[PDB]
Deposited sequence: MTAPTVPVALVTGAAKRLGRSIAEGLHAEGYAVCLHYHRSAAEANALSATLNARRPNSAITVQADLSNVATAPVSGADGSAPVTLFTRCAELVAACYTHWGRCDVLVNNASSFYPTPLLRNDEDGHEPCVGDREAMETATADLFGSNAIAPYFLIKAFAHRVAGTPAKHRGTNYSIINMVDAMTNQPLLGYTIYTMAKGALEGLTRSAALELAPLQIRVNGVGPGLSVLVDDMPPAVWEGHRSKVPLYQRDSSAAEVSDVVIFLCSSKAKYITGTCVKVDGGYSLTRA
């Protein structure tokens, strides 16, 4: 049986490493992207060349706004992502909510606050919520005998949000909501055997900071984070649910 993984923001960096890792374990991967069409398509080509029909790409703005084709809502866009997996392969075993906007929203210095609120909250929290809902709906609608044996949802949280990055309030708030989603979905979906966990990087694949990380005095590589994601999705982690695992080299143990 070939399981299917939907990974949002899979075009590069961590999402790509997650997609690659899942692919190496035998998963067919649906690579979501927003603006990185070229990178998403190149990654799909590479995976499909290794194993035919093992990758596809889907475009979607995960910001909490309506888009043009009656306007299309974020929920619809989200359901369409999950549906794309079912239409193409007939299944969706894993969902990795990785796509994320990250930029300042200083409390102390228009409609710029409007798009920021919708973009930061949508990608990091509201979209994951709808995606999880669509994912669960498809599992519930599948007759028990036909269901997969290892449903796993991973939310990409942030090991450092409890020690907030100055000026990033909305982003920090959204990761906070993502943690809540992880616990609430883990509890509510347990009866369907759908595990919901979080993985929270500290500093990874930086585009100074490095020297502050206790372990190795550097930010992590993409694999150092993605291997943890892959492990949580494996059958060896079947009793883990509702938990967030930090992958930060001891950074959250530091103080100013």
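What's missing from the model if you number the deposited sequence from 1? Comparing the full sequence with the modelled residues, the uncovered ranges come out as 1-4, 74-80, 121-132, 231-239.
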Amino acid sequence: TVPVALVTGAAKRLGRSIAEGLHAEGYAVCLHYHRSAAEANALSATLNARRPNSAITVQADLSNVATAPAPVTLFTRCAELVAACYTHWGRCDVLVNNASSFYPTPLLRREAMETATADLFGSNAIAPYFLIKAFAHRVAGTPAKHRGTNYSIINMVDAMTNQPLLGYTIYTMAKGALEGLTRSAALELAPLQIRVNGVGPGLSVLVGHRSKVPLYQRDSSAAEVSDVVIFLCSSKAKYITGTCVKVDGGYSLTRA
From here on, numbers count along this sequence of modelled residues.
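Determine, for stretches 74-82 and 110-118, which one has the higher mean CA B-factor as deposited. Looking at the record's C-alpha B-factors, the answer is 110-118.
Once you work out the mean C-alpha B-factor for both 173-181 and 137-145 from the entry, which is higher? Going by the record's values, the stretch with the higher mean is 137-145.
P201's Cα B-factor: lowest, middle or highest third of the chain? Answer is lowest: the recorded C-alpha B-factor places it there.
Could you look up the Cα B-factor of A19 in the entry and say which third of the chain it sits in: lowest, middle or highest? Its C-alpha B-factor belongs to the middle third of this chain's values.
For the chain shown, is the CA B-factor of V7 in the lowest, middle or highest third of its modelled residues? According to the entry, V7 has a C-alpha B-factor in the chain's lowest third.
Where the record places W89 (Cα B-factor, split into thirds across the chain): Highest third.
Ranked by Cα temperature factor within the chain, is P214 in the lowest third, the middle third or the highest third? Lowest third, going by the recorded CA B-factors of the chain.
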